[PDB]
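Structure record follows, encoded as structure tokens.
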Amino acid sequence: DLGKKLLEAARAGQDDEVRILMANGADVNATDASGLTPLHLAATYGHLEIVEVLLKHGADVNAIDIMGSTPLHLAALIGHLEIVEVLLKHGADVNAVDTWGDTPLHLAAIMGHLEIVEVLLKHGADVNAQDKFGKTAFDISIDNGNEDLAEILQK
Amino acid sequence: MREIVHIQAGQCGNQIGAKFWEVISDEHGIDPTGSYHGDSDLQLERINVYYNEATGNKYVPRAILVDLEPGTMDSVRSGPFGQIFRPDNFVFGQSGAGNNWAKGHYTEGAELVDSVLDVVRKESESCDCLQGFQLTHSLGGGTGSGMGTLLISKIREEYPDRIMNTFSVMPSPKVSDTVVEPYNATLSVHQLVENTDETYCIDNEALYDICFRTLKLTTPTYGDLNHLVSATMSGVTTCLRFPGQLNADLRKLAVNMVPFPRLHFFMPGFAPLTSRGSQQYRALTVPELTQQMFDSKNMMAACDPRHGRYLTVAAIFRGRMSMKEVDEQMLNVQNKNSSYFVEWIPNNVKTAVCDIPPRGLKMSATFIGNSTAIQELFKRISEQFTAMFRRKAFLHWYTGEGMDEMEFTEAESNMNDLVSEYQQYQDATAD
Ligand SMILES: Nc1nc2c(ncn2[C@@H]2O[C@H](COP(=O)(O)OP(=O)(O)O)[C@@H](O)[C@H]2O)c(=O)[nH]1
């Protein structure tokens with residue numbers, strides 16, 4: 001198989017196996033055993049130009065998995081500013097639903113990464129989108145203990 | 001019960017251990033080199049609680065310093081009172097963890113642990129009445145959390161009748177760079193609830209908040225916090241470095257503080273608040289001292305006690321003032337806020353007073369608070385954690401180092417029963 005090597009190539013963070021594997025006709029969006037594309041893994045563990053040369057080689061800027069996560073779910077959660085800015089530059093989803101009901105703004109809010117909220121909201125995040133436990137995005141900040149996250153959710 | 005053997009590991013832990021030994025080596029009167037340069041003998045009645053004696057007026061801090069990063073030790077040698085450390089007690093690894101718990105617990109810490117156990121051994125072979133063990137570390141990183149918990153487990157299974165005290169600090173996405181921290185945190189808690197006796201909680205979030213709002217330091221450095229923690233350390237160790245009936249040894253200390261074996265997570269707090277090297281001209285009085293050190297604006301953990309109820313409290317006042325004033329303000333806060341105390345534990349707040357004040361102050365006050373509100377600190381982590389373990393990110397780090405993966409959800413069930421335990425004893429009236 002030639003999608004496995006690309007999957008663990010964008011996950012381990014490399015420039016060579018993301019330059020001449022899609023060259024051999026490798027599935028640019030090849031998944032694994034539950035549904036992670038090499039863009040989830042290039043956006044997730046903290047790698048930049050792999051998401052700029054992958055998202056210009058046919059990467060779906062809105063791909064899901066077994067529980068419902070997108071590359072913006074797995075970039076607003078960990079905390080990589082430039083990967084959320086670029087992932088939104090191609091037209092990602094700021095109001096995606098997964099099996100536990102969370103949206104990427106709930107995940108960037110839970111993990112206390114605040115500028116990801118500063119740009120996820122300015123690009124149209126829904127403050128009235130609730131989850132499996134019936135709490136909005138403005139209902140995460142008042143239960144967290146973080147005032148700086150409740151200041152951007154009421155502005 | 002007299003001798004206390006102290007240990008520091010991890011970046012944060014070694015740092016705060018240094019700040020501790022600074023302020024207390026000045027308060028006890030030891031010079032940088034290691035000779036008694038004090039004035040009052042009040043600083044030597046219980047000096048043996050933290051120093052061995054090398055004959056010739058040499059006060060060797062009964063301490064041990066560890067790290068898997070070979071660097072770290074440099075920050076020790078530049079520590080102005082750092083030459084006083086015993087040569088043999090320097091045990092420094094050379095691999096480094098890089099914010100990884102299983103690397104410190106099942107991998108390389110598993111290699112250096114038996115090297116530390118022997119120096120601890122020859123430290124206990126020269127103690128008259130060895131009290132217990134007192135540790136300093138951090139929870140979000142790699143070395144401290146993991147190797148710390150393993151060390152505590154082995155000491156526990158070699159010394160079961162000695163008190164287990166830990167001064168642990170908290171991760172938060174306000175100071176932590178990486179985000180592998182809501183994993184190492186829950187692991188560390190999983191081991192702490194089951195292996196330790198006492199545990200003091202310091203939240204990085206609180207120290208950032210205090211450095212920004214109060215001290216007006218918009219750009220908080222990483223020593224600005226070590227100041228704030230070392231102060232609290234002197235405040236809560238006063239009961240063990242100076243004479244007095246209240247909180248004599250550590251056993252007594254936990255006795256009036258630990259109502260249930262698992263619930264042992266304190267929320268320290270100090271008044272007044274100062275920056276580094278800035279003394280107090282209008283030094284604080286008494287009603288503002290106790291009116292502050294029971295408010296939330298001076299607490300050391302991001303936990304509003306006004307939401308919960310206090311199980312036990314141990315207040316400590318330092319300096320020269322009026323005794324009646326002290327006890328009176330104590331009971332005043334108690335009964336004007338008897339709605340914040342479990343009325344089914346009475347006489348729950350114990351207050352002592354010590355003569356020698358801390359450095360830069362003439363009157364100070366320390367706080368130690370086993371509250372039911374501390375669960376808010378553990379409902380936050382189990383939120384940063386359940387949002388990252390339901391996704392399984394970075395699990396090849398730990399699981400790919402001999403770790404079980406279910407030793408995670410074990411910790412989630414453990415901490416999520418702990419939260420229900422602090423919520424349990426919040427609304428139980430004396431029926
Ligand atoms: N207040 C304070 N926090 C620290 C210090 N060093 C590290 N930390 C915190 O501890 C966490 C882990 O960092 P580090 O100490 O390098 O990891 P460890 O040594 O492997 O436990 C980070 O999230 C930091 O916020 C320090 O000197 N002071």
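Residues in the structure tokens are named by chain (A, B, ... in the order shown) and by number from 1 within that chain; ligands are numbered from 1 in the order shown.
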Could you please tell me, as a ChimeraX atom specification, which residues of chain A have an atom within 7 Å of chain B when using only C-alpha atoms? /A:78,110-113,144
Under the rule of at most 7 Å, produce a per-residue listing of chain B near ligand 1: chain, number, name, the closest pair of atoms, and the distance in Å, as JSON lines, using only C-alpha atoms and all ligand atoms.
```
{"residue": "B:10", "atom": "CA", "partner": "ligand 1", "partner_atom_place_in_ligand_line": "19 (O)", "distance": 3.4}
{"residue": "B:11", "atom": "CA", "partner": "ligand 1", "partner_atom_place_in_ligand_line": "19 (O)", "distance": 3.8}
{"residue": "B:12", "atom": "CA", "partner": "ligand 1", "partner_atom_place_in_ligand_line": "6 (N)", "distance": 3.6}
{"residue": "B:13", "atom": "CA", "partner": "ligand 1", "partner_atom_place_in_ligand_line": "15 (O)", "distance": 6.8}
{"residue": "B:15", "atom": "CA", "partner": "ligand 1", "partner_atom_place_in_ligand_line": "27 (O)", "distance": 5.4}
{"residue": "B:16", "atom": "CA", "partner": "ligand 1", "partner_atom_place_in_ligand_line": "27 (O)", "distance": 6.8}
{"residue": "B:97", "atom": "CA", "partner": "ligand 1", "partner_atom_place_in_ligand_line": "20 (O)", "distance": 6.3}
{"residue": "B:98", "atom": "CA", "partner": "ligand 1", "partner_atom_place_in_ligand_line": "20 (O)", "distance": 6.5}
{"residue": "B:99", "atom": "CA", "partner": "ligand 1", "partner_atom_place_in_ligand_line": "20 (O)", "distance": 5.3}
{"residue": "B:137", "atom": "CA", "partner": "ligand 1", "partner_atom_place_in_ligand_line": "21 (O)", "distance": 6.4}
{"residue": "B:138", "atom": "CA", "partner": "ligand 1", "partner_atom_place_in_ligand_line": "21 (O)", "distance": 4.7}
{"residue": "B:139", "atom": "CA", "partner": "ligand 1", "partner_atom_place_in_ligand_line": "21 (O)", "distance": 5.8}
{"residue": "B:140", "atom": "CA", "partner": "ligand 1", "partner_atom_place_in_ligand_line": "11 (C)", "distance": 4.5}
{"residue": "B:141", "atom": "CA", "partner": "ligand 1", "partner_atom_place_in_ligand_line": "17 (O)", "distance": 3.2}
{"residue": "B:142", "atom": "CA", "partner": "ligand 1", "partner_atom_place_in_ligand_line": "20 (O)", "distance": 3.4}
{"residue": "B:143", "atom": "CA", "partner": "ligand 1", "partner_atom_place_in_ligand_line": "20 (O)", "distance": 3.8}
{"residue": "B:144", "atom": "CA", "partner": "ligand 1", "partner_atom_place_in_ligand_line": "21 (O)", "distance": 3.9}
{"residue": "B:145", "atom": "CA", "partner": "ligand 1", "partner_atom_place_in_ligand_line": "21 (O)", "distance": 5.7}
{"residue": "B:171", "atom": "CA", "partner": "ligand 1", "partner_atom_place_in_ligand_line": "23 (O)", "distance": 4.9}
{"residue": "B:172", "atom": "CA", "partner": "ligand 1", "partner_atom_place_in_ligand_line": "23 (O)", "distance": 6.7}
{"residue": "B:175", "atom": "CA", "partner": "ligand 1", "partner_atom_place_in_ligand_line": "25 (O)", "distance": 4.6}
{"residue": "B:176", "atom": "CA", "partner": "ligand 1", "partner_atom_place_in_ligand_line": "23 (O)", "distance": 3.5}
{"residue": "B:177", "atom": "CA", "partner": "ligand 1", "partner_atom_place_in_ligand_line": "23 (O)", "distance": 6.3}
{"residue": "B:181", "atom": "CA", "partner": "ligand 1", "partner_atom_place_in_ligand_line": "23 (O)", "distance": 6.7}
{"residue": "B:204", "atom": "CA", "partner": "ligand 1", "partner_atom_place_in_ligand_line": "1 (N)", "distance": 5.9}
{"residue": "B:222", "atom": "CA", "partner": "ligand 1", "partner_atom_place_in_ligand_line": "28 (N)", "distance": 5.3}
{"residue": "B:223", "atom": "CA", "partner": "ligand 1", "partner_atom_place_in_ligand_line": "27 (O)", "distance": 6.4}
{"residue": "B:225", "atom": "CA", "partner": "ligand 1", "partner_atom_place_in_ligand_line": "1 (N)", "distance": 5.0}
{"residue": "B:226", "atom": "CA", "partner": "ligand 1", "partner_atom_place_in_ligand_line": "28 (N)", "distance": 5.7}
```
Generate a file of the selected residues that holds N, CA, C and O atoms, formatted as a compact mmCIF listing (two decimals), in the first residue's frame.
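Result file follows (result_8.txt):
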```
# COMPACT_ATOMS: atom_id res chain seq x y z
N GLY B 10 12.57 17.59 38.41
CA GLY B 10 11.89 18.30 37.35
C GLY B 10 12.35 19.74 37.29
O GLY B 10 12.94 20.24 38.25
N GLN B 11 12.11 20.41 36.16
CA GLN B 11 12.47 21.82 36.02
C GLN B 11 11.82 22.65 37.13
O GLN B 11 12.50 23.20 38.00
N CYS B 12 10.49 22.72 37.08
CA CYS B 12 9.73 23.49 38.06
C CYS B 12 10.09 23.08 39.49
O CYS B 12 10.36 23.93 40.35
N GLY B 13 10.13 21.77 39.75
CA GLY B 13 10.38 21.29 41.10
C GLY B 13 11.74 21.69 41.64
O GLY B 13 11.86 22.15 42.78
N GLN B 15 13.52 24.22 40.60
CA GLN B 15 13.48 25.67 40.75
C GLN B 15 12.88 26.08 42.09
O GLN B 15 13.51 26.78 42.90
N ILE B 16 11.65 25.62 42.36
CA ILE B 16 10.98 26.02 43.59
C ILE B 16 11.70 25.48 44.81
O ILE B 16 11.71 26.12 45.87
N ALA B 97 13.20 14.05 29.32
CA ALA B 97 11.89 13.48 29.06
C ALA B 97 11.13 14.20 27.96
O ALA B 97 10.46 13.55 27.15
N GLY B 98 11.21 15.53 27.91
CA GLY B 98 10.52 16.30 26.89
C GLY B 98 9.01 16.23 26.99
O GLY B 98 8.34 15.94 26.00
N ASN B 99 8.48 16.47 28.19
CA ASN B 99 7.04 16.51 28.44
C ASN B 99 6.38 15.16 28.10
O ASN B 99 5.50 15.06 27.24
N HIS B 137 7.68 19.40 42.87
CA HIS B 137 7.66 18.98 41.47
C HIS B 137 6.55 19.71 40.72
O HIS B 137 5.96 20.67 41.23
N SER B 138 6.28 19.25 39.49
CA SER B 138 5.24 19.78 38.63
C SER B 138 4.54 18.62 37.93
O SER B 138 5.09 17.53 37.80
N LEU B 139 3.31 18.87 37.46
CA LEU B 139 2.45 17.80 37.00
C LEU B 139 2.27 17.72 35.49
O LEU B 139 2.00 16.63 34.98
N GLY B 140 2.41 18.83 34.78
CA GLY B 140 2.18 18.84 33.35
C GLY B 140 3.33 18.39 32.48
O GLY B 140 3.13 18.11 31.29
N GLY B 141 4.53 18.28 33.04
CA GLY B 141 5.72 17.94 32.28
C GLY B 141 5.97 16.46 32.18
O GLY B 141 5.04 15.64 32.20
N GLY B 142 7.24 16.10 32.06
CA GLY B 142 7.62 14.72 31.82
C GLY B 142 8.36 14.04 32.96
O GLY B 142 7.96 12.96 33.39
N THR B 143 9.45 14.66 33.43
CA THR B 143 10.26 14.03 34.47
C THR B 143 9.53 14.03 35.81
O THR B 143 9.27 12.97 36.39
N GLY B 144 9.18 15.22 36.30
CA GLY B 144 8.62 15.39 37.62
C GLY B 144 7.43 14.51 37.92
O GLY B 144 7.46 13.74 38.88
N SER B 145 6.39 14.61 37.10
CA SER B 145 5.17 13.84 37.34
C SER B 145 5.46 12.35 37.42
O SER B 145 5.26 11.71 38.46
N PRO B 171 -0.79 22.39 35.85
CA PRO B 171 -0.78 22.94 34.49
C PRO B 171 -2.06 23.68 34.16
O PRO B 171 -3.13 23.41 34.71
N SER B 172 -1.93 24.62 33.23
CA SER B 172 -3.08 25.34 32.69
C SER B 172 -2.68 25.96 31.36
O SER B 172 -1.52 26.37 31.21
N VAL B 175 0.03 29.09 31.00
CA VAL B 175 1.49 29.09 31.09
C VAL B 175 2.13 27.90 30.38
O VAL B 175 3.30 27.98 29.97
N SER B 176 1.40 26.79 30.17
CA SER B 176 1.96 25.60 29.54
C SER B 176 2.03 25.78 28.03
O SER B 176 1.01 26.05 27.38
N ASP B 177 3.23 25.61 27.47
CA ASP B 177 3.43 25.67 26.03
C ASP B 177 2.69 24.53 25.34
O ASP B 177 1.69 24.76 24.65
N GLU B 181 -0.16 18.01 28.71
CA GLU B 181 -0.22 18.19 30.15
C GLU B 181 -1.49 17.60 30.76
O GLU B 181 -1.41 16.98 31.83
N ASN B 204 -0.80 27.24 38.35
CA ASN B 204 -0.12 28.26 37.55
C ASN B 204 -1.07 29.38 37.16
O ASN B 204 -0.65 30.55 37.08
N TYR B 222 9.25 33.76 34.61
CA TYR B 222 9.13 32.46 35.25
C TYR B 222 9.74 32.42 36.65
O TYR B 222 9.67 31.38 37.31
N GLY B 223 10.34 33.51 37.12
CA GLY B 223 10.81 33.59 38.50
C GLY B 223 9.83 34.35 39.37
O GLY B 223 9.74 34.13 40.59
N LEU B 225 6.90 33.83 39.63
CA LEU B 225 6.06 32.84 40.29
C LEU B 225 6.80 32.10 41.40
O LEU B 225 6.22 31.83 42.46
N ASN B 226 8.08 31.77 41.17
CA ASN B 226 8.86 31.05 42.17
C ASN B 226 8.96 31.84 43.47
O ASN B 226 8.96 31.26 44.56
```
Residue neighbourhood range 35-45 of chain B, 7 Å, only C-alpha atoms, exclusion window fewer than 3 positions, as an mmCIF file with N, CA and C atoms, in the first residue's frame:
```
data_model
loop_
_atom_site.group_PDB
_atom_site.id
_atom_site.type_symbol
_atom_site.label_atom_id
_atom_site.label_comp_id
_atom_site.auth_asym_id
_atom_site.auth_seq_id
_atom_site.Cartn_x
_atom_site.Cartn_y
_atom_site.Cartn_z
ATOM 1 N N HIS B 28 16.580 30.987 58.793
ATOM 2 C CA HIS B 28 17.288 30.234 59.823
ATOM 3 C C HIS B 28 18.641 30.841 60.162
ATOM 4 N N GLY B 29 19.170 31.711 59.309
ATOM 5 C CA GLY B 29 20.407 32.403 59.594
ATOM 6 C C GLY B 29 21.655 31.787 59.004
ATOM 7 N N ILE B 30 21.526 30.792 58.132
ATOM 8 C CA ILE B 30 22.689 30.183 57.493
ATOM 9 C C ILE B 30 23.174 31.103 56.382
ATOM 10 N N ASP B 31 24.480 31.345 56.341
ATOM 11 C CA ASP B 31 25.079 32.143 55.280
ATOM 12 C C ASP B 31 25.133 31.331 53.992
ATOM 13 N N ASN B 57 30.483 23.784 62.295
ATOM 14 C CA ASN B 57 29.500 24.815 61.956
ATOM 15 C C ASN B 57 29.191 24.811 60.460
ATOM 16 N N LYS B 58 28.908 23.621 59.938
ATOM 17 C CA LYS B 58 28.515 23.439 58.544
ATOM 18 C C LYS B 58 27.123 22.823 58.537
ATOM 19 N N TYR B 59 26.134 23.597 58.093
ATOM 20 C CA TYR B 59 24.738 23.160 58.038
ATOM 21 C C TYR B 59 24.454 22.672 56.620
ATOM 22 N N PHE B 242 10.248 25.898 63.476
ATOM 23 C CA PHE B 242 10.297 26.605 64.745
ATOM 24 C C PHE B 242 9.494 25.856 65.802
ATOM 25 N N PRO B 243 9.759 26.097 67.085
ATOM 26 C CA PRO B 243 9.021 25.389 68.134
ATOM 27 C C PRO B 243 7.601 25.912 68.297
#
```
Could you tell me how far CA of residue 224 in chain B lies from CA of residue 273 in chain B, in Å and to one decimal?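 Pair CA of residue 224 in chain B / CA of residue 273 in chain B returns 12.2 Å.
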Can you pull out every residue from range 182-398 of chain B that DSSP, working from the backbone, puts in helix (DSSP H, G or I), and format the result as a ChimeraX atom specification? /B:182-195,204-214,224-241,250-255,287-293,296-298,323-336,338-340,375-384,386-389,395-398
For residue 421 in chain B, work out the shell of residues within 10 Å, counting only C-alpha atoms and skipping chain neighbours fewer than 2 positions away, then give it as a count of residues only. 14
Near residue 107 in chain A, within 7 Å and counting only C-alpha atoms, which residues show up once chain neighbours fewer than 5 positions away are dropped, as JSON, numbers by chain? {"A": [73, 76, 77]}
B:103, B:2, B:154, B:252 ranked by distance to residue 195 in chain B, top pick (using only C-alpha atoms):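 Checking each of B:103, B:2, B:154, B:252 against residue 195 in chain B, counting only C-alpha atoms, the winner is B:154.
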List the spatial neighbours of residue 70 in chain A as JSON, numbers by chain - criterion: any atom at most 10 Å away, only C-alpha atoms, same-chain residues fewer than 2 positions off excluded. {"A": [36, 37, 39, 40, 60, 61, 62, 63, 64, 65, 67, 68, 72, 73, 74, 75, 92, 93, 94, 96, 97, 98, 103, 104]}
Can you write just those residues out, C-alpha atoms, as a PDB file, in the first residue's frame?
```pdb
ATOM      1  CA  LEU A  36      -8.001   9.879   9.810  1.00  0.00           C
ATOM      2  CA  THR A  37      -6.660  11.530   6.659  1.00  0.00           C
ATOM      3  CA  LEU A  39      -4.385  16.195   6.967  1.00  0.00           C
ATOM      4  CA  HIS A  40      -5.755  15.358  10.419  1.00  0.00           C
ATOM      5  CA  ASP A  60     -10.643  17.683   1.553  1.00  0.00           C
ATOM      6  CA  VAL A  61     -10.791  20.752   3.804  1.00  0.00           C
ATOM      7  CA  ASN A  62     -13.692  19.016   5.614  1.00  0.00           C
ATOM      8  CA  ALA A  63     -12.997  15.302   6.213  1.00  0.00           C
ATOM      9  CA  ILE A  64     -14.480  13.240   9.037  1.00  0.00           C
ATOM     10  CA  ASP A  65     -13.955   9.954  10.888  1.00  0.00           C
ATOM     11  CA  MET A  67     -16.695   9.842  15.812  1.00  0.00           C
ATOM     12  CA  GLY A  68     -17.043  12.925  13.585  1.00  0.00           C
ATOM     13  CA  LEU A  72     -10.306  21.908  12.427  1.00  0.00           C
ATOM     14  CA  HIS A  73     -11.504  19.829  15.378  1.00  0.00           C
ATOM     15  CA  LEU A  74      -7.996  18.331  15.617  1.00  0.00           C
ATOM     16  CA  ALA A  75      -6.242  21.700  15.220  1.00  0.00           C
ATOM     17  CA  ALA A  92     -13.201  24.602   6.533  1.00  0.00           C
ATOM     18  CA  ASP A  93     -16.160  24.070   8.896  1.00  0.00           C
ATOM     19  CA  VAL A  94     -16.533  26.080  12.117  1.00  0.00           C
ATOM     20  CA  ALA A  96     -19.151  20.646  12.683  1.00  0.00           C
ATOM     21  CA  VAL A  97     -20.924  18.093  14.883  1.00  0.00           C
ATOM     22  CA  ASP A  98     -19.421  14.852  16.203  1.00  0.00           C
ATOM     23  CA  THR A 103     -17.764  21.702  17.893  1.00  0.00           C
ATOM     24  CA  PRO A 104     -14.191  22.947  17.261  1.00  0.00           C
TER      25      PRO A 104
END
```
Please determine, counting only C-alpha atoms, which residue among A:33, A:150, A:88, A:48 has the shortest atom-to-atom distance to residue 66 in chain A. A:33
For residue 215 in chain B, find every residue with an atom within 12 Å (counting only C-alpha atoms), except residues of its own chain fewer than 2 positions away, and show them as an MDAnalysis selection string. chainID B and resid 207:213 217:220 224:225 228 272:276 278 298
Writing out the chosen residues with N, CA, C and O atoms as an mmCIF file, in the first residue's frame:
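Result saved to part33.cif:
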```cif
data_model
loop_
_atom_site.group_PDB
_atom_site.id
_atom_site.type_symbol
_atom_site.label_atom_id
_atom_site.label_comp_id
_atom_site.auth_asym_id
_atom_site.auth_seq_id
_atom_site.Cartn_x
_atom_site.Cartn_y
_atom_site.Cartn_z
ATOM 1 N N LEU B 207 -1.121 31.979 39.926
ATOM 2 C CA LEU B 207 0.090 32.788 40.008
ATOM 3 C C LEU B 207 0.168 33.789 38.860
ATOM 4 O O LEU B 207 0.641 34.918 39.045
ATOM 5 N N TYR B 208 -0.290 33.396 37.669
ATOM 6 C CA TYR B 208 -0.377 34.347 36.565
ATOM 7 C C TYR B 208 -1.365 35.463 36.891
ATOM 8 O O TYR B 208 -1.072 36.649 36.691
ATOM 9 N N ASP B 209 -2.546 35.095 37.402
ATOM 10 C CA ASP B 209 -3.553 36.095 37.748
ATOM 11 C C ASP B 209 -3.022 37.088 38.776
ATOM 12 O O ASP B 209 -3.228 38.300 38.644
ATOM 13 N N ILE B 210 -2.333 36.590 39.805
ATOM 14 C CA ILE B 210 -1.802 37.464 40.844
ATOM 15 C C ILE B 210 -0.683 38.340 40.292
ATOM 16 O O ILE B 210 -0.575 39.524 40.637
ATOM 17 N N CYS B 211 0.167 37.779 39.427
ATOM 18 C CA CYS B 211 1.253 38.570 38.858
ATOM 19 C C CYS B 211 0.737 39.655 37.923
ATOM 20 O O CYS B 211 1.393 40.690 37.762
ATOM 21 N N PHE B 212 -0.428 39.446 37.305
ATOM 22 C CA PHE B 212 -0.939 40.417 36.345
ATOM 23 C C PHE B 212 -1.840 41.468 36.993
ATOM 24 O O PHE B 212 -1.621 42.671 36.811
ATOM 25 N N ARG B 213 -2.860 41.040 37.742
ATOM 26 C CA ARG B 213 -3.817 41.996 38.298
ATOM 27 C C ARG B 213 -3.221 42.766 39.472
ATOM 28 O O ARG B 213 -3.216 44.004 39.481
ATOM 29 N N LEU B 217 2.346 43.237 36.817
ATOM 30 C CA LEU B 217 3.377 42.768 35.894
ATOM 31 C C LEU B 217 2.689 42.160 34.678
ATOM 32 O O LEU B 217 2.224 41.018 34.713
ATOM 33 N N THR B 218 2.622 42.934 33.592
ATOM 34 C CA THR B 218 1.890 42.495 32.410
ATOM 35 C C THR B 218 2.586 41.332 31.719
ATOM 36 O O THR B 218 1.925 40.431 31.190
ATOM 37 N N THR B 219 3.915 41.340 31.704
ATOM 38 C CA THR B 219 4.692 40.258 31.121
ATOM 39 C C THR B 219 5.269 39.401 32.239
ATOM 40 O O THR B 219 6.355 39.699 32.753
ATOM 41 N N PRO B 220 4.575 38.340 32.651
ATOM 42 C CA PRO B 220 5.057 37.535 33.782
ATOM 43 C C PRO B 220 6.242 36.676 33.368
ATOM 44 O O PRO B 220 6.155 35.891 32.421
ATOM 45 N N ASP B 224 9.087 35.250 38.709
ATOM 46 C CA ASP B 224 8.012 35.992 39.356
ATOM 47 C C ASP B 224 7.058 35.068 40.102
ATOM 48 O O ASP B 224 6.459 35.473 41.105
ATOM 49 N N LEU B 225 6.903 33.830 39.630
ATOM 50 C CA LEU B 225 6.060 32.842 40.292
ATOM 51 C C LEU B 225 6.802 32.099 41.400
ATOM 52 O O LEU B 225 6.223 31.827 42.460
ATOM 53 N N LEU B 228 6.520 33.806 44.614
ATOM 54 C CA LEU B 228 5.207 33.623 45.226
ATOM 55 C C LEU B 228 5.055 32.247 45.865
ATOM 56 O O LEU B 228 4.351 32.110 46.873
ATOM 57 N N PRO B 272 0.283 39.554 53.233
ATOM 58 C CA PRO B 272 -0.071 40.356 52.055
ATOM 59 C C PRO B 272 0.620 39.878 50.777
ATOM 60 O O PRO B 272 1.254 38.822 50.784
ATOM 61 N N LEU B 273 0.500 40.657 49.701
ATOM 62 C CA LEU B 273 1.074 40.323 48.402
ATOM 63 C C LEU B 273 2.139 41.347 48.036
ATOM 64 O O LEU B 273 1.900 42.556 48.124
ATOM 65 N N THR B 274 3.305 40.862 47.619
ATOM 66 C CA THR B 274 4.422 41.728 47.272
ATOM 67 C C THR B 274 5.119 41.195 46.029
ATOM 68 O O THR B 274 5.027 40.009 45.699
ATOM 69 N N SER B 275 5.820 42.093 45.339
ATOM 70 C CA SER B 275 6.737 41.712 44.279
ATOM 71 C C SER B 275 8.100 41.395 44.887
ATOM 72 O O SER B 275 8.284 41.411 46.106
ATOM 73 N N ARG B 276 9.074 41.109 44.028
ATOM 74 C CA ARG B 276 10.401 40.732 44.499
ATOM 75 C C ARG B 276 11.185 41.968 44.929
ATOM 76 O O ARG B 276 11.194 42.985 44.229
ATOM 77 N N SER B 278 10.630 44.169 47.172
ATOM 78 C CA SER B 278 9.831 45.345 47.503
ATOM 79 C C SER B 278 9.187 45.112 48.863
ATOM 80 O O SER B 278 8.265 44.300 48.991
ATOM 81 N N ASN B 298 -6.165 35.960 47.345
ATOM 82 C CA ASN B 298 -4.819 35.634 47.807
ATOM 83 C C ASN B 298 -4.552 34.132 47.803
ATOM 84 O O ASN B 298 -3.490 33.702 48.269
#
```
Please report, as a ChimeraX atom specification, each residue of range 52-231 of chain B to which DSSP assigns strand (DSSP E or B) when run on this structure's backbone. /B:52-54,58-61,63-67,90-92,130-138,163-170,198-203
In Å, how far is it from CA of residue 271 in chain B to CA of residue 288 in chain B?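 Atom-to-atom, CA of residue 271 in chain B and CA of residue 288 in chain B are spaced 8.7 Å apart.
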Coordinates-based distance that separates CA of residue 170 in chain B from CA of residue 115 in chain A (Å, one decimal):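 Spanning CA of residue 115 in chain A to CA of residue 170 in chain B is a straight-line distance of 22.0 Å.
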Using only C-alpha atoms, can you tell me which of A:149, A:87, A:81, A:20 comes closest to residue 52 in chain A?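 Using only C-alpha atoms, residue 52 in chain A sits closest to A:87.
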Among the residues A:50, A:9, A:2, A:140, the one that comes closest to residue 23 in chain A [using only C-alpha atoms]: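 Smallest distance to residue 23 in chain A is found for A:2.
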Residue among A:142, A:10, A:121, A:153 lying closest to residue 38 in chain A, counting only C-alpha atoms: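 Between A:142, A:10, A:121, A:153, the residue approaching residue 38 in chain A most closely is A:10.
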Quick one: of A:129, A:117, A:54, A:42, who's nearest to residue 21 in chain A, counting only C-alpha atoms?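 Closest to residue 21 in chain A, using only C-alpha atoms: A:54.
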